[PDB]
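Throughout, a chain's letter reflects where its sequence line sits, starting with A, and its residues are numbered from 1. Just the heavy atoms: all of them, side chains too, but no hydrogens, waters or symmetry mates, feed the values below.
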Amino acid sequence: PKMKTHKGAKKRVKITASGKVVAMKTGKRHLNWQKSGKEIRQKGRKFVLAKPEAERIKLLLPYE
Amino acid sequence: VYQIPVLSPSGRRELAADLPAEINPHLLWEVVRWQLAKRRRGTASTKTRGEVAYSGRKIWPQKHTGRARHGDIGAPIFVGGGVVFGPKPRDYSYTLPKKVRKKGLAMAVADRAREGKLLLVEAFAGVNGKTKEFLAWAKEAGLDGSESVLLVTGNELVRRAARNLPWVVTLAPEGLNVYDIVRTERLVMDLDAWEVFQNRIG
Amino acid sequence: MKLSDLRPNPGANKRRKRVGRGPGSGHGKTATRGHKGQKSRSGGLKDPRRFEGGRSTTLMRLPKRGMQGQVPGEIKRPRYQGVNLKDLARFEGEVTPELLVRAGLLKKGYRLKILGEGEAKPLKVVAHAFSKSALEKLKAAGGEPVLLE
Amino acid sequence: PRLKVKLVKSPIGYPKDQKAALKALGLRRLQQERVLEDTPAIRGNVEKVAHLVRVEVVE
RNA sequence: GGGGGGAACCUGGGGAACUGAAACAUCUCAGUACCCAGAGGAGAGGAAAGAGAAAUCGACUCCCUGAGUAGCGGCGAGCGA
RNA sequence: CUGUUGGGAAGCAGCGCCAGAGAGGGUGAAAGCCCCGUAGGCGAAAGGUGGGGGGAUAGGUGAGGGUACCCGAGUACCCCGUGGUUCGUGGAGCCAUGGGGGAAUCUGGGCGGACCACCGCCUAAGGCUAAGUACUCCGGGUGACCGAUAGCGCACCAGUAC
RNA sequence: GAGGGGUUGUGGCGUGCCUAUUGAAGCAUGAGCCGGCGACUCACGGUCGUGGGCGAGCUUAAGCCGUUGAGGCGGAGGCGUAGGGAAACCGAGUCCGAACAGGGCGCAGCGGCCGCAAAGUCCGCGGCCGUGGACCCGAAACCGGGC
RNA sequence: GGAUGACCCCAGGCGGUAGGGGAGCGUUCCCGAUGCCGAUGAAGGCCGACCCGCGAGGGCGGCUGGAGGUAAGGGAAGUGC
RNA sequence: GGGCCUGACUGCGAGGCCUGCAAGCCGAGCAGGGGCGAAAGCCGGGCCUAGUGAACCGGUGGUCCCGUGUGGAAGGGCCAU
Ligand SMILES: [Mg+2]
Ligand SMILES: [Mg+2]
Ligand SMILES: [Mg+2]
Ligand SMILES: [Mg+2]
Ligand SMILES: [Mg+2]
Ligand SMILES: [Mg+2]
Ligand SMILES: [Mg+2]
Ligand SMILES: [Mg+2]
Ligand SMILES: [Mg+2]
Ligand SMILES: [Mg+2]
Ligand SMILES: [Mg+2]
Ligand SMILES: [Mg+2]
Ligand SMILES: [Mg+2]
Ligand SMILES: [Mg+2]
Ligand SMILES: [Mg+2]
Ligand SMILES: [Mg+2]
Ligand SMILES: [Mg+2]
Ligand SMILES: [Mg+2]
Ligand SMILES: [Mg+2]
Ligand SMILES: [Mg+2]
Ligand SMILES: [Mg+2]
Ligand SMILES: [Mg+2]
Ligand SMILES: [Mg+2]
Ligand SMILES: [Mg+2]
Ligand SMILES: [Mg+2]
Ligand SMILES: [Mg+2]
Ligand SMILES: [Mg+2]
Ligand SMILES: [Mg+2]
Ligand SMILES: [Mg+2]
Ligand SMILES: [Mg+2]
Ligand SMILES: [Mg+2]
Ligand SMILES: [Mg+2]
Ligand SMILES: [Mg+2]
Ligand SMILES: [Mg+2]
Ligand SMILES: [Mg+2]
Ligand SMILES: [Mg+2]
Ligand SMILES: [Mg+2]
Ligand SMILES: [Mg+2]
Ligand SMILES: [Mg+2]
Ligand SMILES: [Mg+2]
Ligand SMILES: [Mg+2]
Ligand SMILES: [Mg+2]
Ligand SMILES: [Mg+2]
Ligand SMILES: [Mg+2]
Ligand SMILES: [Mg+2]
Ligand SMILES: [Mg+2]
Ligand SMILES: [Mg+2]
Ligand SMILES: [Mg+2]
Ligand SMILES: [Mg+2]
Ligand SMILES: [Mg+2]
Ligand SMILES: [Mg+2]
Ligand SMILES: [Mg+2]
Ligand SMILES: [Mg+2]
Ligand SMILES: [Mg+2]
Ligand SMILES: [Mg+2]
Ligand SMILES: [Mg+2]
Ligand SMILES: [Mg+2]
Ligand SMILES: [Mg+2]
Ligand SMILES: [Mg+2]
Ligand SMILES: [Mg+2]
Ligand SMILES: [Mg+2]
Ligand SMILES: [Mg+2]
Ligand SMILES: [Mg+2]
Ligand SMILES: [Mg+2]
Ligand SMILES: [Mg+2]
Ligand SMILES: [Mg+2]
Ligand SMILES: [Mg+2]
Ligand SMILES: [Mg+2]
Ligand SMILES: [Mg+2]
Ligand SMILES: [Mg+2]
Ligand SMILES: [Mg+2]
Ligand SMILES: [Mg+2]
Ligand SMILES: [Mg+2]
Ligand SMILES: [Mg+2]
Ligand SMILES: [Mg+2]
Ligand SMILES: [Mg+2]
Ligand SMILES: [Mg+2]
Ligand SMILES: [Mg+2]
Ligand SMILES: [Mg+2]
Ligand SMILES: [Mg+2]
Ligand SMILES: [Mg+2]
Ligand SMILES: [Mg+2]
Ligand SMILES: [Mg+2]
Ligand SMILES: [Mg+2]
Ligand SMILES: [Mg+2]
Ligand SMILES: [Mg+2]
Ligand SMILES: [Mg+2]
Ligand SMILES: [Mg+2]
Ligand SMILES: [Mg+2]
Ligand SMILES: [Mg+2]
Ligand SMILES: [Mg+2]
Ligand SMILES: [Mg+2]
Ligand SMILES: [Mg+2]
Ligand SMILES: [Mg+2]
Ligand SMILES: [Mg+2]
Ligand SMILES: [Mg+2]
Ligand SMILES: [Mg+2]
Ligand SMILES: [Mg+2]
Ligand SMILES: [Mg+2]
Ligand SMILES: [Mg+2]
Ligand SMILES: [Mg+2]
Ligand SMILES: [Mg+2]
Ligand SMILES: [Mg+2]
Ligand SMILES: [Mg+2]
Ligand SMILES: [Mg+2]
Ligand SMILES: [Mg+2]
Ligand SMILES: [Mg+2]
Ligand SMILES: [Mg+2]
Ligand SMILES: [Mg+2]
Ligand SMILES: [Mg+2]
Ligand SMILES: [Mg+2]
Ligand SMILES: [Mg+2]
Ligand SMILES: [Mg+2]
Ligand SMILES: [Mg+2]
Ligand SMILES: [Mg+2]
Ligand SMILES: [Mg+2]
Ligand SMILES: [Mg+2]
Ligand SMILES: [Mg+2]
Ligand SMILES: [Mg+2]
Ligand SMILES: [Mg+2]
Ligand SMILES: [Mg+2]
Ligand SMILES: [Mg+2]
Ligand SMILES: [Mg+2]
Ligand SMILES: [Mg+2]
Ligand SMILES: [Mg+2]
Ligand SMILES: [Mg+2]
Ligand SMILES: [Mg+2]
Ligand SMILES: [Mg+2]
Ligand SMILES: [Mg+2]
Ligand SMILES: [Mg+2]
Ligand SMILES: [Mg+2]
Ligand SMILES: [Mg+2]
Ligand SMILES: [Mg+2]
Ligand SMILES: [Mg+2]
Ligand SMILES: [Mg+2]
Ligand SMILES: [Mg+2]
Ligand SMILES: [Mg+2]
Ligand SMILES: [Mg+2]
Ligand SMILES: [Mg+2]
Ligand SMILES: [Mg+2]
Ligand SMILES: [Mg+2]
Ligand SMILES: [Mg+2]
Ligand SMILES: [Mg+2]
Ligand SMILES: [Mg+2]
Ligand SMILES: [Mg+2]
Ligand SMILES: [Mg+2]
Ligand SMILES: [Mg+2]
Ligand SMILES: [Mg+2]
Ligand SMILES: [Mg+2]
Ligand SMILES: [Mg+2]
Ligand SMILES: [Mg+2]
Ligand SMILES: [Mg+2]
Ligand SMILES: [Mg+2]
Ligand SMILES: [Mg+2]
Ligand SMILES: [Mg+2]
Ligand SMILES: [Mg+2]
Ligand SMILES: [Mg+2]
Ligand SMILES: [Mg+2]
Ligand SMILES: [Mg+2]
Ligand SMILES: [Mg+2]
Ligand SMILES: [Mg+2]
Ligand SMILES: [Mg+2]
Ligand SMILES: [Mg+2]
Ligand SMILES: [Mg+2]
Ligand SMILES: [Mg+2]
Ligand SMILES: [Mg+2]
Ligand SMILES: [Mg+2]
Ligand SMILES: [Mg+2]
Ligand SMILES: [Mg+2]
Ligand SMILES: [Mg+2]
Ligand SMILES: [Mg+2]
Ligand SMILES: [Mg+2]
Ligand SMILES: [Mg+2]
Ligand SMILES: [Mg+2]
Ligand SMILES: [Mg+2]
Ligand SMILES: [Mg+2]
Ligand SMILES: [Mg+2]
Ligand SMILES: [Mg+2]
Ligand SMILES: [Mg+2]
Ligand SMILES: [Mg+2]
Ligand SMILES: [Mg+2]
Ligand SMILES: [Mg+2]
Ligand SMILES: [Mg+2]
Ligand SMILES: [Mg+2]
Ligand SMILES: [Mg+2]
Ligand SMILES: [Mg+2]
Ligand SMILES: [Mg+2]
Ligand SMILES: [Mg+2]
Ligand SMILES: [Mg+2]
Ligand SMILES: [Mg+2]
Ligand SMILES: [Mg+2]
Ligand SMILES: [Mg+2]
Ligand SMILES: [Mg+2]
Ligand SMILES: [Mg+2]
Ligand SMILES: [Mg+2]
Ligand SMILES: [Mg+2]
Ligand SMILES: [Mg+2]
Ligand SMILES: [Mg+2]
Ligand SMILES: [Mg+2]
Ligand SMILES: [Mg+2]
Ligand SMILES: [Mg+2]
Ligand SMILES: [Mg+2]
Ligand SMILES: [Mg+2]
Ligand SMILES: [Mg+2]
Ligand SMILES: [Mg+2]
Ligand SMILES: [Mg+2]
Ligand SMILES: [Mg+2]
Ligand SMILES: [Mg+2]
Ligand SMILES: [Mg+2]
Ligand SMILES: [Mg+2]
Ligand SMILES: [Mg+2]
Ligand SMILES: [Mg+2]
Ligand SMILES: [Mg+2]
Ligand SMILES: [Mg+2]
Ligand SMILES: [Mg+2]
Ligand SMILES: [Mg+2]
Ligand SMILES: [Mg+2]
Ligand SMILES: [Mg+2]
Ligand SMILES: [Mg+2]
Ligand SMILES: [Mg+2]
Ligand SMILES: [Mg+2]
Ligand SMILES: [Mg+2]
Ligand SMILES: [Mg+2]
Ligand SMILES: [Mg+2]
Ligand SMILES: [Mg+2]
Ligand SMILES: [Mg+2]
Ligand SMILES: [Mg+2]
Ligand SMILES: [Mg+2]
Ligand SMILES: [Mg+2]
Ligand SMILES: [Mg+2]
Ligand SMILES: [Mg+2]
Ligand SMILES: [Mg+2]
Ligand SMILES: [Mg+2]
Ligand SMILES: [Mg+2]
Ligand SMILES: [Mg+2]
Ligand SMILES: [Mg+2]
Ligand SMILES: [Mg+2]
Ligand SMILES: [Mg+2]
Ligand SMILES: [Mg+2]
Ligand SMILES: [Mg+2]
Ligand SMILES: [Mg+2]
């Protein structure tokens, strides 16, 4: 039958207009007291996933 | 525009018609394929090793008999076991694009037109039901049976009269199709059917 | 054109790849699966789009973000699909969401909003909303905006 | 469509109200060229001084 | 009047495990297999103490779509209106 | 129909003919016109069916004003324990109910996802109802379905022998 | 019947097949021999490539009608035509921000109106992926109901 | 070169497991076929030192066999041990 | 060693190092508002290289973004921890 959307991907990622994959930086969920503002600030921005990993998650998202 | 010869009691007529200029053999093939594919019955079937009559008992122990290990005798490695990837019932039909089958229809009629083998008839003089009547008409109309003919006309009495001839196929214009056009060597049509064909390709 | 003339164009109907059928073919014995391991097996291999040999997956180490929602589900709200001025140039006189949906530009059940890529034609256009540049371009080219609800 | 309007014939000797049209259209110099909308208002001025103006439709 | 039978099909009362989660317990398989009771040529359902946002619709059943959407989920595998 | 070759003609030749019938199977080989059939037509005393057509019957039927009599009880409702739903305790409503408590009859009650207000929707605790849907033991029709290790386990005295 | 066929005395050379392996003639696996059966498929969805139709559009589904190896109707809906943001929201932009800052993610054919081409989309075909038993055969076991 | 496989000349490459690509052969079935081959002998079988093809294979001939087989071109798969 | 101080900043970040991924590292410069210095300038912790832990689930302080007919609320989101 028809493929099912991976809801973990859907809730963690977004396909852009040209088909890149974008996610939030990891590593600021906790343990943040001794992290510089430089770390907390740069980890608040999205980033583009490496291509091999991006093409995988994109197949998990077939009706976006 | 092509110039299609017309047949009348009032004389040998001619009439311009707007069949397409360039004919696409691959396109015609796609309509005939799709015609002959969606009519398939799809009734070929076989029995999976689970659809077979034997029981799922292990025919002998896994080890220490000195024979190969087997499970049940429904396995396809056994004579009389199931068949691995046999036909199951299938629907071979598919929605060939409407625009494509419309194009092919006009295209296939144009090929007969571009050949000289498209005749348009006003009516059918004496033929009111009998084969001998239509045959006689065919002799006046230049149809001697040396070539196969697709008769397209809404007149049923004419259709029944011709249909048993071995060289004539019989259609109501709602049944105009490219496979039957290509099967045949000539194409013969009512001006009533011709109008219908002209509407369906518009 | 006889039945025997109907052939597909070159390349229209390529033949299949039939493996496990002898040495000459290039595909005998192992049927291009190589030797042993998972994946050579019937059914083999977990789904390679996700699984990574047991370690935490590339997807699952990324953080979630945003509103996923909750039962009883989506909150029904007015929805806007925007249509550009360039898409309107084909029309004459008056433009309406009705006419816009039949053209193929606007999707049903979506409130209209005019956007400003392209130029504005003098058209009385009835839309649920306009961008700033849509109003200005329109009401400066003889256009006649009509906000509604 | 817009209006590429070029002033190609001196207004000198023509009625004052035609010279006003040029001021409405912004044509203040010979060979000077302004692109405007096709508004029926703007069009009529361009039509008034049609004999002094080269006009190309744009867009 | 009942009793018993009938290949599949139907409703109700009970109801697993292998398996999947590359371990496993919630979860999955699955209200499936099976057992039982009842019904028939079908059975269930059915004439709003409904839907749910339309100032709207108008019994129920069945198909297409909605939609792998909304959501549910050791927010895992998956499940899924 | 005749000739012809041949064990045999339906083959080959000659001259015809039918067709609303040139689907198919037979016949000594390959037959439209020999046979069985095919197109197109007809057919029930008896049993069954009859959802179509007709006829009976049951049944169906106003307006204001007054009155406040009635409108389904261990029920609604709340709490405890669960199930159903996409909903795994979740902000958890809704539907159902094993335990406890326990109403009202319209100015009554349930619902619109905790709850409250406003605004709407509906009228629980009685019952029945064709059709559209499912299935194939049974009959028939048809296969780019099998052709005896295939196709049903069984083409054959098979759920048999063993 | 100036060539060929059968046979083989002598001379030269010469470590079966398959499988598994770093390495097998291997004293590692399988096979007595013959004949027959025997393993990469199908559905749906995806993703690339390909043959055509149409092209800012493309396409129908269930059904309905027609045929009885006839084809047509049906636009509900789906994909595309705009993205950015958790969202409200804005929009060729948008989000972060105090910013007109900086950045992330986005935004624009070939030849003479005419012709070809093309976004996209539909169908066919092919490779591959997902769900299914999913290339075939094989457990020891687990459970249910019965004997 | 001649002009798009029209064929010719000249030059270079051409060991190969896993594996990628390409081009073909053959099998069953369908269209082609109300046709065509067929008792002056179908398919299948048995030979052949003959012809074609690199090969898979395809012809042709002789015997057997005694009723089927099926082209050029395409289509589909229970397709090669 | 001493004086004054809190840049152990907020909003970003050209460009690189490293690297399968995900991480890790260095970073000029612009803006806000500051510290020190007459000033040139320096300052986004510590001579440097160890002192660390992805996601999921939840806590707390903000934000006032969503709020299941409507206004609120319940509950989420976003920022920080
Ligand atoms: Mg499913
Ligand atoms: Mg998740
Ligand atoms: Mg996102
Ligand atoms: Mg964490
Ligand atoms: Mg946080
Ligand atoms: Mg900490
Ligand atoms: Mg800090
Ligand atoms: Mg530190
Ligand atoms: Mg810092
Ligand atoms: Mg950092
Ligand atoms: Mg920040
Ligand atoms: Mg690669
Ligand atoms: Mg995808
Ligand atoms: Mg995908
Ligand atoms: Mg979609
Ligand atoms: Mg079968
Ligand atoms: Mg079978
Ligand atoms: Mg089975
Ligand atoms: Mg079995
Ligand atoms: Mg069985
Ligand atoms: Mg049995
Ligand atoms: Mg069994
Ligand atoms: Mg058993
Ligand atoms: Mg068993
Ligand atoms: Mg053993
Ligand atoms: Mg032995
Ligand atoms: Mg054995
Ligand atoms: Mg044996
Ligand atoms: Mg055994
Ligand atoms: Mg077995
Ligand atoms: Mg046995
Ligand atoms: Mg079995
Ligand atoms: Mg069998
Ligand atoms: Mg199988
Ligand atoms: Mg099998
Ligand atoms: Mg297919
Ligand atoms: Mg014919
Ligand atoms: Mg005929
Ligand atoms: Mg006929
Ligand atoms: Mg015919
Ligand atoms: Mg007919
Ligand atoms: Mg017909
Ligand atoms: Mg022809
Ligand atoms: Mg190939
Ligand atoms: Mg194929
Ligand atoms: Mg294949
Ligand atoms: Mg081979
Ligand atoms: Mg070989
Ligand atoms: Mg290959
Ligand atoms: Mg190889
Ligand atoms: Mg081998
Ligand atoms: Mg291989
Ligand atoms: Mg491979
Ligand atoms: Mg492999
Ligand atoms: Mg492979
Ligand atoms: Mg292998
Ligand atoms: Mg190996
Ligand atoms: Mg290997
Ligand atoms: Mg192997
Ligand atoms: Mg290995
Ligand atoms: Mg391996
Ligand atoms: Mg292995
Ligand atoms: Mg391997
Ligand atoms: Mg593989
Ligand atoms: Mg691999
Ligand atoms: Mg293998
Ligand atoms: Mg298996
Ligand atoms: Mg699997
Ligand atoms: Mg496996
Ligand atoms: Mg681990
Ligand atoms: Mg959402
Ligand atoms: Mg002048
Ligand atoms: Mg003057
Ligand atoms: Mg003058
Ligand atoms: Mg004047
Ligand atoms: Mg009993
Ligand atoms: Mg019973
Ligand atoms: Mg039940
Ligand atoms: Mg049950
Ligand atoms: Mg139990
Ligand atoms: Mg279990
Ligand atoms: Mg278990
Ligand atoms: Mg497991
Ligand atoms: Mg496992
Ligand atoms: Mg285990
Ligand atoms: Mg388990
Ligand atoms: Mg469980
Ligand atoms: Mg299962
Ligand atoms: Mg399973
Ligand atoms: Mg379950
Ligand atoms: Mg059940
Ligand atoms: Mg069952
Ligand atoms: Mg019925
Ligand atoms: Mg009923
Ligand atoms: Mg009632
Ligand atoms: Mg009621
Ligand atoms: Mg009502
Ligand atoms: Mg309803
Ligand atoms: Mg109403
Ligand atoms: Mg009704
Ligand atoms: Mg549905
Ligand atoms: Mg949708
Ligand atoms: Mg669930
Ligand atoms: Mg699940
Ligand atoms: Mg569930
Ligand atoms: Mg479930
Ligand atoms: Mg439901
Ligand atoms: Mg004789
Ligand atoms: Mg005779
Ligand atoms: Mg003969
Ligand atoms: Mg004769
Ligand atoms: Mg017939
Ligand atoms: Mg027949
Ligand atoms: Mg016949
Ligand atoms: Mg016959
Ligand atoms: Mg004959
Ligand atoms: Mg015959
Ligand atoms: Mg006959
Ligand atoms: Mg009849
Ligand atoms: Mg009859
Ligand atoms: Mg009758
Ligand atoms: Mg009646
Ligand atoms: Mg009534
Ligand atoms: Mg009354
Ligand atoms: Mg009541
Ligand atoms: Mg009651
Ligand atoms: Mg009571
Ligand atoms: Mg308790
Ligand atoms: Mg409760
Ligand atoms: Mg619950
Ligand atoms: Mg549930
Ligand atoms: Mg539950
Ligand atoms: Mg709940
Ligand atoms: Mg209770
Ligand atoms: Mg009262
Ligand atoms: Mg009330
Ligand atoms: Mg009340
Ligand atoms: Mg209630
Ligand atoms: Mg309640
Ligand atoms: Mg309530
Ligand atoms: Mg409600
Ligand atoms: Mg509410
Ligand atoms: Mg209601
Ligand atoms: Mg009730
Ligand atoms: Mg009933
Ligand atoms: Mg019914
Ligand atoms: Mg039958
Ligand atoms: Mg029968
Ligand atoms: Mg036999
Ligand atoms: Mg048998
Ligand atoms: Mg035999
Ligand atoms: Mg067989
Ligand atoms: Mg039977
Ligand atoms: Mg039988
Ligand atoms: Mg047998
Ligand atoms: Mg037998
Ligand atoms: Mg017996
Ligand atoms: Mg010799
Ligand atoms: Mg010799
Ligand atoms: Mg000797
Ligand atoms: Mg020797
Ligand atoms: Mg030697
Ligand atoms: Mg040796
Ligand atoms: Mg070998
Ligand atoms: Mg080994
Ligand atoms: Mg070894
Ligand atoms: Mg050995
Ligand atoms: Mg040995
Ligand atoms: Mg040895
Ligand atoms: Mg050994
Ligand atoms: Mg070994
Ligand atoms: Mg071996
Ligand atoms: Mg032996
Ligand atoms: Mg043996
Ligand atoms: Mg032997
Ligand atoms: Mg053998
Ligand atoms: Mg494959
Ligand atoms: Mg299959
Ligand atoms: Mg697909
Ligand atoms: Mg594909
Ligand atoms: Mg494609
Ligand atoms: Mg098309
Ligand atoms: Mg269309
Ligand atoms: Mg017919
Ligand atoms: Mg978004
Ligand atoms: Mg920007
Ligand atoms: Mg801001
Ligand atoms: Mg900016
Ligand atoms: Mg940019
Ligand atoms: Mg084109
Ligand atoms: Mg295309
Ligand atoms: Mg793939
Ligand atoms: Mg299995
Ligand atoms: Mg399966
Ligand atoms: Mg597969
Ligand atoms: Mg167990
Ligand atoms: Mg156990
Ligand atoms: Mg045990
Ligand atoms: Mg046990
Ligand atoms: Mg037991
Ligand atoms: Mg037991
Ligand atoms: Mg050479
Ligand atoms: Mg070279
Ligand atoms: Mg090589
Ligand atoms: Mg067949
Ligand atoms: Mg035939
Ligand atoms: Mg002959
Ligand atoms: Mg054969
Ligand atoms: Mg032979
Ligand atoms: Mg040969
Ligand atoms: Mg001979
Ligand atoms: Mg022979
Ligand atoms: Mg015969
Ligand atoms: Mg024959
Ligand atoms: Mg043959
Ligand atoms: Mg053939
Ligand atoms: Mg061929
Ligand atoms: Mg296929
Ligand atoms: Mg096979
Ligand atoms: Mg092949
Ligand atoms: Mg072979
Ligand atoms: Mg100090
Ligand atoms: Mg100070
Ligand atoms: Mg960088
Ligand atoms: Mg990196
Ligand atoms: Mg570090
Ligand atoms: Mg500063
Ligand atoms: Mg300063
Ligand atoms: Mg100072
Ligand atoms: Mg300074
Ligand atoms: Mg700095
Ligand atoms: Mg987890
Ligand atoms: Mg959270
Ligand atoms: Mg707070
Ligand atoms: Mg609310
Ligand atoms: Mg608010
Ligand atoms: Mg309020
Ligand atoms: Mg509000
Ligand atoms: Mg809040
Ligand atoms: Mg919050
Ligand atoms: Mg919160």
- Message: If you only use heavy atoms from C-beta on, which nucleotide in E:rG68, I:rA22, G:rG53 is closest to the side chain of B:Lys99?
- Response: G:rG53

- Send over the distance from A:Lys35 NZ to I:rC79 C1', rounded to a whole Å. 15 Å

- From the list I:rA22, G:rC137, G:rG46, which nucleotide is the closest neighbour of the side chain of B:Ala75? G:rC137

- Chi class for I:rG3: syn within 90° of 0, otherwise anti: anti

- Item | Watson-Crick/G-U partner (both atom distances under 3.5 Å) of G:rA20 | none

- Note on the structure: In Watson-Crick or G-U wobble terms, with both distances under 3.5 Å, the base opposite F:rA19 is none

- Flag for C:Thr58-A:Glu53: side-chain donor and acceptor within less than 3.5 Å: yes

- Query: On RNA chain G, nearest-nucleotide positions of C:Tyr80 versus A:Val22: which is more 5'?
  - Reply: C:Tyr80

- Nearest to the side chain of A:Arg12, which nucleotide is it out of I:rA22, I:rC56, G:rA139? I:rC56

- Query: So does B:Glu156 have more than 12 non-hydrogen atoms from other groups sitting under 6.0 Å from CD?
  - Reply: no

- Item | For F:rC42, the Watson-Crick or wobble counterpart (both distances under 3.5 Å) | none

- Task: Kindly say whether, by distance alone, the side chain of C:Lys14 makes a donor-acceptor pair under 3.5 Å with the base of G:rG127?
- Result: no

- Message: Strictly by Watson-Crick or wobble contacts shorter than 3.5 Å, is anything paired with G:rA139, and which nucleotide is it?
- Response: none

- Query: Looking at G:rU131, G:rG45, G:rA139, which one has an atom nearest to any side-chain atom of B:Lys58?
  - Reply: G:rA139

- B:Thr48 vs C:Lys113, nearer the 5' end of RNA chain G by closest nucleotide: C:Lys113

- Task: Please work out whether the ring planes of B:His26 and B:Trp29 are parallel, tilted or perpendicular, with thresholds of 30° and 60°.
- Result: tilted

- How do C:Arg15 and C:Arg7 order along RNA chain H: which one's closest nucleotide is nearer the 5' end? C:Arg15

- Under the 3.5 Å rule, do the base of E:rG71 and the side chain of C:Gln70 count as making a donor-acceptor pair? no

- Item | Watson-Crick or G-U counterpart of H:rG44, or none if no pair lies under 3.5 Å | H:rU64

- Message: Can you say whether a donor on the side chain of B:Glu156 sits under 3.5 Å from an acceptor on the base of F:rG20, or the other way round?
- Response: no

- Are the side chain of B:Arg49 and the backbone of B:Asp72 linked by a donor-acceptor contact shorter than 3.5 Å? no

- When you look at CZ of C:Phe91, are more than 12 heavy atoms from neighbouring residues, nucleotides or ligands closer to it than 6.0 Å? yes

- Check whether any side-chain nitrogen or oxygen of A:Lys2 sits under 4.0 Å from OP1 or OP2 of E:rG68, and answer yes or no. yes

- With both distances under 3.5 angstrom, what nucleotide forms a Watson-Crick or G-U wobble pair with F:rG109? F:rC122

- Message: I'd like to know if C:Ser4 reaches the base of H:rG73 with its side chain, counting only an N/O donor and acceptor under 3.5 Å.
- Response: no

- State the pairing partner of E:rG45; accept Watson-Crick or G-U wobble contacts with both distances under 3.5 Å, and report none otherwise. none

- Message: Looking only at the side chain of A:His6 (C-beta and beyond, no hydrogens), which of the listed nucleotides E:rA77, F:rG151, G:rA82 gets closest?
- Response: E:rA77

- Message: Any donor-acceptor pair, under 3.5 Å, between the side chain of C:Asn9 and the base of G:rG51, if you only look at N and O atoms?
- Response: no

- Looking only at side-chain N and O atoms, does C:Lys108 come under 4.0 Å of OP1 or OP2 in G:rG75? no

- Item | Side chain of B:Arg41 (C-beta onward), nearest among F:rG141, I:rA54, E:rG68 | F:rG141

- Item | Side-chain donor/acceptor contact of C:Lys107 with base of G:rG80 under 3.5 Å | yes

- Message: With a sphere of 6.0 Å drawn around CZ of C:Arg79, does it hold more than 12 non-hydrogen atoms of other residues, nucleotides or ligands?
- Response: yes

- Message: Give me syn or anti for G:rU67, where syn covers glycosidic angles within 90 degrees of 0.
- Response: syn

- Note on the structure: The nucleotide from G:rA39, F:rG91, E:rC75 with an atom nearest the side chain of C:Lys64 is E:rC75

- Query: Does a side-chain heavy-atom distance below 4.5 Å link C:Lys86 with C:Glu119?
  - Reply: no

